[PDB]
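Text of model38.csv (CSV, C-alpha atoms and all ligand atoms) as supplied:
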```csv
chain,number,residue,atom,x,y,z
V,5,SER,CA,166.9,42.5,-134.8
V,6,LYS,CA,168.2,42.8,-131.2
V,7,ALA,CA,171.3,41.1,-130.3
V,8,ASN,CA,171.4,38.8,-127.3
V,9,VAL,CA,173.3,40.7,-124.7
V,10,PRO,CA,172.7,39.2,-121.3
V,11,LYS,CA,173.1,41.2,-118.0
V,12,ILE,CA,175.5,39.3,-115.7
V,13,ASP,CA,175.8,40.1,-112.1
V,14,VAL,CA,179.5,40.1,-111.7
V,15,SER,CA,179.6,40.9,-108.0
V,16,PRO,CA,180.6,37.4,-106.9
V,17,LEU,CA,183.9,37.9,-108.8
V,18,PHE,CA,185.0,40.4,-106.1
V,19,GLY,CA,184.5,37.9,-103.4
V,20,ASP,CA,185.4,34.4,-102.1
V,21,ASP,CA,182.4,32.3,-103.0
V,22,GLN,CA,184.1,30.0,-105.5
V,23,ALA,CA,181.0,28.2,-106.6
V,24,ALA,CA,179.2,31.5,-107.2
V,25,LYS,CA,182.2,32.6,-109.2
V,26,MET,CA,181.9,29.5,-111.4
V,27,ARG,CA,178.3,30.3,-112.0
V,28,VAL,CA,179.3,33.7,-113.2
V,29,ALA,CA,182.0,32.2,-115.3
V,30,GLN,CA,179.5,30.0,-117.0
V,31,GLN,CA,177.4,33.1,-118.0
V,32,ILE,CA,180.6,34.7,-119.4
V,33,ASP,CA,181.4,31.6,-121.3
V,34,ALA,CA,177.9,31.5,-122.8
V,35,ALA,CA,177.9,35.1,-123.8
V,36,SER,CA,181.4,34.8,-125.2
V,37,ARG,CA,180.3,31.9,-127.4
V,38,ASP,CA,177.1,33.5,-128.6
V,39,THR,CA,177.2,37.2,-129.7
V,40,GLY,CA,180.3,38.0,-127.7
V,41,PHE,CA,178.8,40.8,-125.7
V,42,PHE,CA,177.3,41.0,-122.2
V,43,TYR,CA,176.5,43.7,-119.8
V,44,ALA,CA,178.3,43.6,-116.4
V,45,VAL,CA,175.9,44.7,-113.7
V,46,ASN,CA,176.4,45.1,-110.0
V,47,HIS,CA,179.9,46.3,-110.8
V,48,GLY,CA,180.3,48.8,-108.1
V,49,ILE,CA,181.4,51.8,-110.1
V,50,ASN,CA,179.7,55.1,-110.0
V,51,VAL,CA,179.0,55.6,-113.6
V,52,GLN,CA,176.7,58.5,-113.3
V,53,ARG,CA,179.5,60.5,-111.7
V,54,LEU,CA,181.9,59.3,-114.4
V,55,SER,CA,179.5,60.6,-116.9
V,56,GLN,CA,179.0,63.9,-115.2
V,57,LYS,CA,182.7,64.6,-114.7
V,58,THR,CA,183.4,63.6,-118.3
V,59,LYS,CA,180.6,66.0,-119.5
V,60,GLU,CA,182.1,68.8,-117.5
V,61,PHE,CA,185.4,68.2,-119.2
V,62,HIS,CA,184.2,67.8,-122.7
V,63,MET,CA,181.9,70.8,-122.6
V,64,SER,CA,184.4,73.2,-121.0
V,65,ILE,CA,187.7,72.4,-122.8
V,66,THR,CA,188.6,75.1,-125.3
V,67,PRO,CA,190.2,75.0,-128.8
V,68,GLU,CA,193.4,76.3,-127.3
V,69,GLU,CA,193.6,73.6,-124.8
V,70,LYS,CA,192.8,70.9,-127.4
V,71,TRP,CA,195.9,72.0,-129.5
V,72,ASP,CA,198.0,72.1,-126.3
V,73,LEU,CA,197.0,68.5,-125.5
V,74,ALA,CA,196.9,67.2,-129.0
V,75,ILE,CA,198.4,63.9,-130.2
V,76,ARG,CA,200.9,64.0,-133.0
V,77,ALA,CA,198.3,63.3,-135.7
V,78,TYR,CA,196.9,66.8,-135.0
V,79,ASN,CA,200.0,68.6,-133.7
V,80,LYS,CA,203.4,68.0,-135.2
V,81,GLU,CA,205.1,69.5,-132.1
V,82,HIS,CA,204.0,66.6,-129.9
V,83,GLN,CA,206.0,63.8,-131.4
V,84,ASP,CA,205.9,61.7,-128.2
V,85,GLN,CA,202.1,61.7,-128.1
V,86,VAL,CA,201.0,58.8,-130.2
V,87,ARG,CA,198.3,57.4,-127.9
V,88,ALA,CA,197.8,59.9,-125.0
V,89,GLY,CA,196.2,63.3,-125.4
V,90,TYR,CA,193.4,65.0,-127.3
V,91,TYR,CA,192.0,63.7,-130.6
V,92,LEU,CA,190.4,66.7,-132.2
V,93,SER,CA,187.2,67.0,-134.2
V,94,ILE,CA,187.3,68.7,-137.6
V,95,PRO,CA,184.1,70.7,-137.9
V,96,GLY,CA,182.4,70.0,-141.3
V,97,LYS,CA,184.3,66.8,-141.6
V,98,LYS,CA,184.8,64.7,-138.5
V,99,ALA,CA,182.4,64.9,-135.6
V,100,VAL,CA,183.9,62.8,-132.9
V,101,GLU,CA,186.6,64.0,-130.6
V,102,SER,CA,188.2,62.3,-127.6
V,103,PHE,CA,190.8,62.3,-124.8
V,104,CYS,CA,192.9,59.3,-124.1
V,105,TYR,CA,195.1,58.6,-121.1
V,106,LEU,CA,197.2,55.6,-120.0
V,107,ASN,CA,198.5,54.1,-116.8
V,108,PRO,CA,199.0,56.9,-114.3
V,109,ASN,CA,202.1,55.0,-113.1
V,110,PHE,CA,203.8,55.8,-116.5
V,111,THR,CA,205.8,58.7,-115.0
V,112,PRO,CA,209.0,60.2,-116.3
V,113,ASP,CA,211.0,57.9,-114.0
V,114,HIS,CA,209.2,54.7,-115.1
V,115,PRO,CA,211.7,52.3,-116.6
V,116,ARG,CA,209.7,51.8,-119.8
V,117,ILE,CA,209.4,55.6,-120.2
V,118,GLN,CA,213.1,56.0,-119.6
V,119,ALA,CA,213.7,53.3,-122.2
V,120,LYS,CA,211.3,55.0,-124.7
V,121,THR,CA,209.5,51.7,-125.1
V,122,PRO,CA,206.8,51.8,-127.8
V,123,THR,CA,203.2,52.2,-126.6
V,124,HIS,CA,204.3,53.7,-123.2
V,125,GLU,CA,203.8,57.5,-122.7
V,126,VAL,CA,203.4,59.9,-119.9
V,127,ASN,CA,199.9,61.3,-119.8
V,128,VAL,CA,199.1,64.9,-120.6
V,129,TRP,CA,196.5,66.8,-118.6
V,130,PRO,CA,194.8,70.2,-119.0
V,131,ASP,CA,195.4,72.9,-116.5
V,132,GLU,CA,194.2,72.2,-113.1
V,133,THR,CA,192.8,75.6,-112.6
V,134,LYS,CA,190.7,75.4,-115.8
V,135,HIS,CA,189.6,71.8,-114.9
V,136,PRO,CA,189.6,71.5,-111.2
V,137,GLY,CA,189.6,67.9,-109.9
V,138,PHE,CA,189.6,66.4,-113.4
V,139,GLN,CA,193.1,64.8,-113.4
V,140,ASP,CA,192.5,63.3,-109.9
V,141,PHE,CA,189.0,62.1,-110.9
V,142,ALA,CA,190.3,60.5,-114.1
V,143,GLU,CA,193.3,58.8,-112.4
V,144,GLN,CA,191.0,57.3,-109.8
V,145,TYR,CA,188.6,56.2,-112.5
V,146,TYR,CA,191.5,54.4,-114.1
V,147,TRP,CA,192.0,52.4,-110.9
V,148,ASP,CA,188.2,51.8,-110.3
V,149,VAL,CA,187.8,50.3,-113.8
V,150,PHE,CA,191.1,48.5,-113.5
V,151,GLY,CA,189.6,46.8,-110.4
V,152,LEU,CA,186.5,45.9,-112.2
V,153,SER,CA,188.6,44.6,-115.1
V,154,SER,CA,190.7,42.4,-112.8
V,155,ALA,CA,187.5,40.8,-111.5
V,156,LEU,CA,186.2,40.3,-115.0
V,157,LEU,CA,189.5,38.6,-116.0
V,158,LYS,CA,189.0,36.2,-113.1
V,159,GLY,CA,185.7,35.3,-114.6
V,160,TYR,CA,187.1,34.8,-118.1
V,161,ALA,CA,189.9,32.6,-116.8
V,162,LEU,CA,187.5,30.4,-114.9
V,163,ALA,CA,185.3,30.3,-117.9
V,164,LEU,CA,188.1,28.9,-120.0
V,165,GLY,CA,188.9,26.1,-117.5
V,166,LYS,CA,191.9,28.0,-116.0
V,167,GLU,CA,192.8,29.1,-112.4
V,168,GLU,CA,191.4,32.6,-111.8
V,169,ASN,CA,194.6,34.5,-112.0
V,170,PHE,CA,195.4,33.1,-115.5
V,171,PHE,CA,195.0,36.5,-117.1
V,172,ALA,CA,195.0,38.8,-114.1
V,173,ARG,CA,198.6,37.9,-113.1
V,174,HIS,CA,199.6,39.8,-116.3
V,175,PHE,CA,197.4,42.7,-115.5
V,176,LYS,CA,199.3,44.8,-113.0
V,177,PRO,CA,199.2,48.4,-111.9
V,178,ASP,CA,202.9,49.0,-112.5
V,179,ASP,CA,202.9,48.0,-116.1
V,180,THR,CA,199.5,47.7,-117.7
V,181,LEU,CA,199.1,49.2,-121.2
V,182,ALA,CA,195.4,49.7,-120.6
V,183,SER,CA,193.9,52.9,-121.8
V,184,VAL,CA,190.8,55.0,-121.0
V,185,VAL,CA,189.3,57.0,-123.9
V,186,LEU,CA,186.7,59.7,-123.1
V,187,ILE,CA,184.9,60.0,-126.5
V,188,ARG,CA,182.4,62.8,-127.2
V,189,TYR,CA,179.9,62.2,-130.0
V,190,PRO,CA,178.2,65.5,-130.6
V,191,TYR,CA,174.8,66.6,-131.6
V,192,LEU,CA,175.2,68.7,-134.7
V,193,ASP,CA,172.7,70.7,-136.8
V,194,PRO,CA,173.5,70.4,-139.7
V,195,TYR,CA,175.4,67.1,-139.3
V,196,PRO,CA,178.2,67.0,-141.9
V,197,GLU,CA,177.8,64.2,-144.4
V,198,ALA,CA,181.6,63.7,-144.5
V,199,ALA,CA,181.3,62.6,-140.9
V,200,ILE,CA,178.8,60.0,-141.8
V,201,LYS,CA,180.0,56.7,-143.3
V,202,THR,CA,177.6,54.3,-145.1
V,203,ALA,CA,178.0,50.5,-144.7
V,204,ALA,CA,177.5,48.0,-147.5
V,205,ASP,CA,174.1,47.3,-146.2
V,206,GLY,CA,173.1,51.0,-146.2
V,207,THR,CA,173.4,51.7,-142.5
V,208,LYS,CA,174.7,55.1,-141.7
V,209,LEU,CA,177.7,54.8,-139.4
V,210,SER,CA,180.0,56.9,-137.3
V,211,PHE,CA,182.7,54.0,-137.2
V,212,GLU,CA,183.0,51.0,-139.5
V,213,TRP,CA,183.3,47.4,-138.6
V,214,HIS,CA,186.2,46.3,-136.5
V,215,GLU,CA,187.6,44.0,-133.9
V,216,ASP,CA,188.9,45.6,-130.7
V,217,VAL,CA,192.6,45.8,-130.0
V,218,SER,CA,192.5,44.6,-126.5
V,219,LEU,CA,192.3,41.5,-124.3
V,220,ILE,CA,188.7,42.6,-123.3
V,221,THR,CA,187.0,46.0,-123.6
V,222,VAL,CA,185.0,47.4,-120.6
V,223,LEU,CA,182.7,50.1,-121.9
V,224,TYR,CA,180.4,52.7,-120.5
V,225,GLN,CA,178.1,54.5,-123.0
V,226,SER,CA,175.2,56.9,-122.6
V,227,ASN,CA,171.7,55.7,-123.0
V,228,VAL,CA,171.5,56.2,-126.8
V,229,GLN,CA,171.4,53.0,-128.9
V,230,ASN,CA,174.3,52.9,-131.4
V,231,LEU,CA,176.3,49.7,-131.5
V,232,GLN,CA,175.7,46.7,-133.7
V,233,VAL,CA,177.4,43.3,-133.6
V,234,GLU,CA,177.8,41.0,-136.6
V,235,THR,CA,176.3,37.5,-136.1
V,236,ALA,CA,175.5,34.7,-138.6
V,237,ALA,CA,172.1,36.3,-138.6
V,238,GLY,CA,173.5,39.7,-139.8
V,239,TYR,CA,174.2,42.9,-137.9
V,240,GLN,CA,172.1,43.0,-134.7
V,241,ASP,CA,171.5,46.0,-132.4
V,242,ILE,CA,173.1,46.1,-129.0
V,243,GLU,CA,170.7,47.8,-126.6
V,244,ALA,CA,172.1,50.6,-124.6
V,245,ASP,CA,172.3,50.3,-120.8
V,246,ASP,CA,173.8,53.4,-119.1
V,247,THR,CA,173.9,51.6,-115.8
V,248,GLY,CA,176.1,48.7,-116.9
V,249,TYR,CA,179.4,48.1,-118.5
V,250,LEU,CA,179.3,46.5,-122.0
V,251,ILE,CA,182.0,43.8,-122.2
V,252,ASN,CA,183.5,42.1,-125.2
V,253,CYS,CA,186.7,40.3,-126.1
V,254,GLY,CA,189.4,41.8,-128.3
V,255,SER,CA,191.6,40.0,-130.8
V,256,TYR,CA,194.3,39.1,-128.2
V,257,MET,CA,191.6,36.9,-126.5
V,258,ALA,CA,190.7,35.5,-129.9
V,259,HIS,CA,194.3,34.6,-130.5
V,260,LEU,CA,194.9,33.1,-127.1
V,261,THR,CA,191.8,30.9,-127.3
V,262,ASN,CA,192.2,29.9,-131.0
V,263,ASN,CA,188.9,31.8,-131.7
V,264,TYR,CA,187.0,29.8,-129.1
V,265,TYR,CA,186.2,33.3,-127.7
V,266,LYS,CA,186.0,35.3,-130.9
V,267,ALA,CA,186.7,39.0,-130.9
V,268,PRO,CA,183.2,40.1,-132.1
V,269,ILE,CA,183.0,42.3,-135.2
V,270,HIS,CA,181.0,45.4,-134.3
V,271,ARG,CA,180.3,48.9,-135.6
V,272,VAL,CA,178.9,52.3,-134.5
V,273,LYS,CA,175.7,53.6,-136.1
V,274,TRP,CA,175.4,57.2,-136.8
V,275,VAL,CA,173.0,58.9,-134.4
V,276,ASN,CA,172.6,62.7,-134.2
V,277,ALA,CA,172.8,62.9,-130.4
V,278,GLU,CA,175.1,64.3,-127.8
V,279,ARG,CA,176.5,61.2,-126.1
V,280,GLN,CA,179.5,59.6,-124.5
V,281,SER,CA,181.5,56.5,-125.3
V,282,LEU,CA,184.0,55.7,-122.5
V,283,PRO,CA,186.0,52.5,-123.2
V,284,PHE,CA,188.6,51.0,-121.0
V,285,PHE,CA,190.8,48.8,-123.2
V,286,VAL,CA,192.2,46.0,-121.0
V,287,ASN,CA,195.8,45.5,-122.2
V,288,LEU,CA,198.5,43.5,-120.5
V,289,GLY,CA,202.1,44.5,-120.0
V,290,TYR,CA,204.6,45.0,-122.8
V,291,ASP,CA,206.3,41.6,-122.3
V,292,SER,CA,203.3,39.6,-121.2
V,293,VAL,CA,203.0,36.5,-123.2
V,294,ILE,CA,200.4,33.9,-122.6
V,295,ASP,CA,200.8,30.6,-124.5
V,296,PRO,CA,197.9,30.1,-126.9
V,297,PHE,CA,195.6,27.2,-126.2
V,298,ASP,CA,192.3,25.7,-127.5
V,299,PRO,CA,189.6,24.7,-125.0
V,300,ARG,CA,187.9,22.7,-127.7
V,301,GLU,CA,190.7,20.2,-128.1
V,302,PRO,CA,191.2,17.4,-125.5
V,303,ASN,CA,194.9,18.2,-125.1
V,304,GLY,CA,194.1,22.1,-125.2
V,305,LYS,CA,196.9,22.5,-127.8
V,306,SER,CA,196.8,25.2,-130.4
V,307,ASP,CA,198.8,25.7,-133.6
V,308,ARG,CA,199.2,29.4,-133.0
V,309,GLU,CA,202.5,31.1,-132.1
V,310,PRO,CA,202.9,32.9,-128.8
V,311,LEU,CA,202.7,36.7,-129.3
V,312,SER,CA,203.8,39.3,-126.8
V,313,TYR,CA,201.3,41.9,-125.7
V,314,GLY,CA,203.5,44.8,-126.8
V,315,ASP,CA,204.0,43.4,-130.2
V,316,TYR,CA,200.2,42.8,-130.5
V,317,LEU,CA,199.4,46.2,-129.3
V,318,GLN,CA,201.8,48.2,-131.3
V,319,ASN,CA,200.8,46.4,-134.5
V,320,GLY,CA,197.1,46.6,-133.8
V,321,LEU,CA,196.8,50.2,-133.0
V,322,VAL,CA,198.3,51.2,-136.3
V,323,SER,CA,196.3,48.7,-138.2
V,324,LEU,CA,193.0,50.0,-136.9
V,325,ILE,CA,193.9,53.6,-137.9
V,326,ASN,CA,194.8,52.5,-141.3
V,327,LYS,CA,191.6,50.5,-141.7
V,328,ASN,CA,189.0,52.8,-140.2
V,329,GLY,CA,190.9,56.2,-140.0
V,330,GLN,CA,192.5,58.5,-137.5
V,331,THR,CA,190.0,59.0,-134.7
V,401,LIG,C1,183.2,51.7,-130.4
V,401,LIG,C2,184.4,52.1,-129.5
V,401,LIG,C3,184.1,52.0,-128.1
V,401,LIG,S1,185.9,51.1,-129.8
V,401,LIG,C4,186.2,52.1,-131.4
V,401,LIG,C5,187.6,52.7,-131.6
V,401,LIG,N1,188.7,52.2,-130.9
V,401,LIG,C6,189.9,52.9,-131.0
V,401,LIG,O1,190.0,53.9,-131.7
V,401,LIG,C7,191.1,52.5,-130.2
V,401,LIG,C8,191.8,53.6,-129.5
V,401,LIG,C9,192.9,53.0,-128.6
V,401,LIG,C10,193.5,54.1,-127.8
V,401,LIG,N2,193.7,55.4,-128.5
V,401,LIG,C11,194.8,53.6,-127.1
V,401,LIG,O2,195.9,54.2,-127.4
V,401,LIG,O3,194.8,52.7,-126.3
V,401,LIG,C12,187.0,53.9,-130.8
V,401,LIG,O4,187.3,54.9,-130.2
V,401,LIG,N3,185.7,53.4,-130.9
V,401,LIG,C13,184.7,53.5,-129.9
V,401,LIG,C14,183.5,54.4,-130.3
V,401,LIG,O5,183.6,54.9,-131.3
V,401,LIG,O6,182.5,54.4,-129.4
V,402,FE,FE,185.2,48.5,-130.7
```

Could you take the file, read its structure, and then write that structure out as structure tokens?
Ligand SMILES: CC1(C)S[C@@H]2[C@H](NC(=O)CCC[C@H](N)C(=O)O)C(=O)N2[C@H]1C(=O)O
Ligand SMILES: [Fe+2]
Amino acid sequence: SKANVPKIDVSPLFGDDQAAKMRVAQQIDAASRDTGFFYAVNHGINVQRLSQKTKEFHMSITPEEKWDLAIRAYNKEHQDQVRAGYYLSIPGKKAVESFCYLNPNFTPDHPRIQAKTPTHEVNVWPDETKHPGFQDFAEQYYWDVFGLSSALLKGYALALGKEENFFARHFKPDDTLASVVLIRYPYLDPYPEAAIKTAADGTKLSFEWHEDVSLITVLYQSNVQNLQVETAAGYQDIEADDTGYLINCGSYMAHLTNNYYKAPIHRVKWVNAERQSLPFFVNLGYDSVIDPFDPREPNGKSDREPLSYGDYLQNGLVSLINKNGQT
């Protein structure tokens, strides 16, 4: 059965028509209370070019380069790379591979880098001559999707009865913990069975059920259907749409809203197809704390304790590896 995933024209969130912004907020509210997914359309980002530049990267990087960029899970020499870098495939065992990068403003002179604060790292990049234009393209993409995400956060805020900068004031270029992951799901013949997981209902999967570790997740994927969302009605297929961004809440949103906006449980079906999954995880700053609330209660009070974003994030990232494995 197909999940209800509405297409929402988010362009008013970039402008000054406040009533039009409220009508978008209502759609976000409805989707958030239903399956928890929607497609953002009329978002302004050139996703075809994103896909093409990502393809050029994934198909030309070499094994040597992958070792040289590898996170510490794959390369013991890179002890500072917990988040940022290359996540290698393991032919015959693990099909997916990916490249993660963080805020380009996390430079060696950034105060959180100097302090060695958890979850902050300086990005690693391949050689420019081997991948001309890639670093520059990827850094600008970070800021293009940052901008889209800021507009979406205005929509969420309004949807929850707040002023539009409720979330966005904690989402800032100098300190956001947001990440881009460029994931390659390959076509393989034969496809290794160890890379295929099986759900309790029999569905072959590439990644097991989870909630995202994010405030919201802003995802581009190729036009190959693969995601499913759990609803009271069972797991439902999310249709692909390679012209839109698939949006959903992460568990920090669920905490902040006392589950009024749940972090939907979702999973990735196994498909033997060469495709791309390019999430942007919208994370706040390390010390950002928003007081939890509950938009279902007249006084809006919640019995949840405030949680800093950095505490959330550090704990969540490890937990997800422990539950569904090292990606
Ligand atoms: C379904 C997803 C988009 S979300 C799910 C899974 N998510 C993660 O591993 C989180 C990675 C966070 C990142 N390294 C960081 O440091 O910020 C992943 O990747 N999966 C994607 C996929 O498999 O397509
Ligand atoms: Fe996810």

Exercise for the section: Using only C-alpha atoms, determine which residues lie at most 12 Å from residue 169 of chain V, disregarding the query and same-chain residues fewer than 6 positions distant; provide the list as a VMD selection string. Expected result: chain V and resid 17 154 to 163 175 to 176

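Residues in contact range of segment 40-42 of chain V, defined as at most 10 Å between only C-alpha atoms, with sequence neighbours fewer than 6 positions away removed, read residues 7, 8, 9, 10, 11, 12, 31, 32, 33, 34, 221, 233, 234, 235, 242, 248, 249, 250, 251, 252, 253, 254, 265, 266, 267, 268, 269 and 270 of chain V.
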
Exercise for the section: List the residues sitting within 12 Å of (189.3, 68.9, -135.1) in the file's frame, using all atoms listed in the file, as JSON, numbers by chain. Expected result: {"V": [66, 67, 68, 70, 71, 74, 75, 77, 78, 79, 90, 91, 92, 93, 94, 95, 96, 97, 98, 99, 100, 101, 102, 199, 330, 331]}

Suppose we keep C-alpha atoms; can you now write the selection as a short mmCIF file (atom, residue, chain, number, x, y, z; two decimals), in the frame of the given file?
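Produced file result.cif, reproduced below:
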```
data_model
loop_
_atom_site.label_atom_id
_atom_site.label_comp_id
_atom_site.auth_asym_id
_atom_site.auth_seq_id
_atom_site.Cartn_x
_atom_site.Cartn_y
_atom_site.Cartn_z
CA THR V 66 188.60 75.10 -125.30
CA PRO V 67 190.20 75.00 -128.80
CA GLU V 68 193.40 76.30 -127.30
CA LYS V 70 192.80 70.90 -127.40
CA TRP V 71 195.90 72.00 -129.50
CA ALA V 74 196.90 67.20 -129.00
CA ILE V 75 198.40 63.90 -130.20
CA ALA V 77 198.30 63.30 -135.70
CA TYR V 78 196.90 66.80 -135.00
CA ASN V 79 200.00 68.60 -133.70
CA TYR V 90 193.40 65.00 -127.30
CA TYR V 91 192.00 63.70 -130.60
CA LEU V 92 190.40 66.70 -132.20
CA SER V 93 187.20 67.00 -134.20
CA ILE V 94 187.30 68.70 -137.60
CA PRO V 95 184.10 70.70 -137.90
CA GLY V 96 182.40 70.00 -141.30
CA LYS V 97 184.30 66.80 -141.60
CA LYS V 98 184.80 64.70 -138.50
CA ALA V 99 182.40 64.90 -135.60
CA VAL V 100 183.90 62.80 -132.90
CA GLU V 101 186.60 64.00 -130.60
CA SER V 102 188.20 62.30 -127.60
CA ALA V 199 181.30 62.60 -140.90
CA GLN V 330 192.50 58.50 -137.50
CA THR V 331 190.00 59.00 -134.70
#
```

Quick one: contact table of chain V to ligand LIG 401 (chain V), 8 Å max, nearest atom pair and distance in Å to one decimal per residue, counting only C-alpha atoms and all ligand atoms, chain and number order, as CSV?
```
residue,atom,partner,partner_atom,distance
V:86,CA,V:LIG401,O2,7.4
V:87,CA,V:LIG401,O2,4.0
V:88,CA,V:LIG401,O2,6.5
V:102,CA,V:LIG401,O4,7.9
V:104,CA,V:LIG401,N2,5.9
V:105,CA,V:LIG401,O2,7.7
V:106,CA,V:LIG401,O3,7.3
V:123,CA,V:LIG401,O2,7.6
V:181,CA,V:LIG401,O3,7.5
V:182,CA,V:LIG401,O3,6.5
V:183,CA,V:LIG401,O3,4.6
V:184,CA,V:LIG401,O3,7.0
V:185,CA,V:LIG401,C10,6.4
V:187,CA,V:LIG401,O4,6.7
V:210,CA,V:LIG401,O5,7.3
V:211,CA,V:LIG401,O5,6.0
V:214,CA,V:LIG401,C4,7.7
V:216,CA,V:LIG401,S1,6.3
V:217,CA,V:LIG401,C7,6.9
V:223,CA,V:LIG401,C3,6.6
V:225,CA,V:LIG401,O6,7.8
V:231,CA,V:LIG401,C1,7.3
V:270,CA,V:LIG401,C1,7.7
V:271,CA,V:LIG401,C1,6.6
V:272,CA,V:LIG401,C1,6.0
V:280,CA,V:LIG401,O6,7.7
V:281,CA,V:LIG401,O6,4.7
V:282,CA,V:LIG401,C3,6.7
V:283,CA,V:LIG401,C3,5.3
V:285,CA,V:LIG401,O3,6.4
V:321,CA,V:LIG401,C9,6.5
V:324,CA,V:LIG401,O1,7.2
V:325,CA,V:LIG401,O1,7.3
V:330,CA,V:LIG401,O1,7.8
V:331,CA,V:LIG401,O1,5.9
```

Generate the output file for the selected residues, C-alpha atoms, as a PDB file, keeping the file's coordinate frame.
```pdb
ATOM      1  CA  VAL V  86     201.000  58.800-130.200  1.00  0.00           C
ATOM      2  CA  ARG V  87     198.300  57.400-127.900  1.00  0.00           C
ATOM      3  CA  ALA V  88     197.800  59.900-125.000  1.00  0.00           C
ATOM      4  CA  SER V 102     188.200  62.300-127.600  1.00  0.00           C
ATOM      5  CA  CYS V 104     192.900  59.300-124.100  1.00  0.00           C
ATOM      6  CA  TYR V 105     195.100  58.600-121.100  1.00  0.00           C
ATOM      7  CA  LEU V 106     197.200  55.600-120.000  1.00  0.00           C
ATOM      8  CA  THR V 123     203.200  52.200-126.600  1.00  0.00           C
ATOM      9  CA  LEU V 181     199.100  49.200-121.200  1.00  0.00           C
ATOM     10  CA  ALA V 182     195.400  49.700-120.600  1.00  0.00           C
ATOM     11  CA  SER V 183     193.900  52.900-121.800  1.00  0.00           C
ATOM     12  CA  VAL V 184     190.800  55.000-121.000  1.00  0.00           C
ATOM     13  CA  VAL V 185     189.300  57.000-123.900  1.00  0.00           C
ATOM     14  CA  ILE V 187     184.900  60.000-126.500  1.00  0.00           C
ATOM     15  CA  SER V 210     180.000  56.900-137.300  1.00  0.00           C
ATOM     16  CA  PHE V 211     182.700  54.000-137.200  1.00  0.00           C
ATOM     17  CA  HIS V 214     186.200  46.300-136.500  1.00  0.00           C
ATOM     18  CA  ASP V 216     188.900  45.600-130.700  1.00  0.00           C
ATOM     19  CA  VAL V 217     192.600  45.800-130.000  1.00  0.00           C
ATOM     20  CA  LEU V 223     182.700  50.100-121.900  1.00  0.00           C
ATOM     21  CA  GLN V 225     178.100  54.500-123.000  1.00  0.00           C
ATOM     22  CA  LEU V 231     176.300  49.700-131.500  1.00  0.00           C
ATOM     23  CA  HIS V 270     181.000  45.400-134.300  1.00  0.00           C
ATOM     24  CA  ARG V 271     180.300  48.900-135.600  1.00  0.00           C
ATOM     25  CA  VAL V 272     178.900  52.300-134.500  1.00  0.00           C
ATOM     26  CA  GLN V 280     179.500  59.600-124.500  1.00  0.00           C
ATOM     27  CA  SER V 281     181.500  56.500-125.300  1.00  0.00           C
ATOM     28  CA  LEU V 282     184.000  55.700-122.500  1.00  0.00           C
ATOM     29  CA  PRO V 283     186.000  52.500-123.200  1.00  0.00           C
ATOM     30  CA  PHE V 285     190.800  48.800-123.200  1.00  0.00           C
ATOM     31  CA  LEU V 321     196.800  50.200-133.000  1.00  0.00           C
ATOM     32  CA  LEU V 324     193.000  50.000-136.900  1.00  0.00           C
ATOM     33  CA  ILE V 325     193.900  53.600-137.900  1.00  0.00           C
ATOM     34  CA  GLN V 330     192.500  58.500-137.500  1.00  0.00           C
ATOM     35  CA  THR V 331     190.000  59.000-134.700  1.00  0.00           C
TER      36      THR V 331
END
```

Practice task
Mind checking which residues fall within 9 Å of segment 295-298 of chain V, counting all atoms listed in the file, ignoring those fewer than 4 positions away in the same chain, and posting them as a ChimeraX atom specification?
Solution key: /V:259-264,302-311

Problem - For ligand FE 402 (chain V), the nearest of the candidates V:24, V:220, V:54, V:142, counting all atoms listed in the file - result: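 Counting all atoms listed in the file, the residue closest to ligand FE 402 (chain V) is V:220.
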
Handout entry: Minimum-distance residue to residue 213 of chain V, chosen among V:19, V:48, V:137, V:329 (using only C-alpha atoms)
Key = V:329
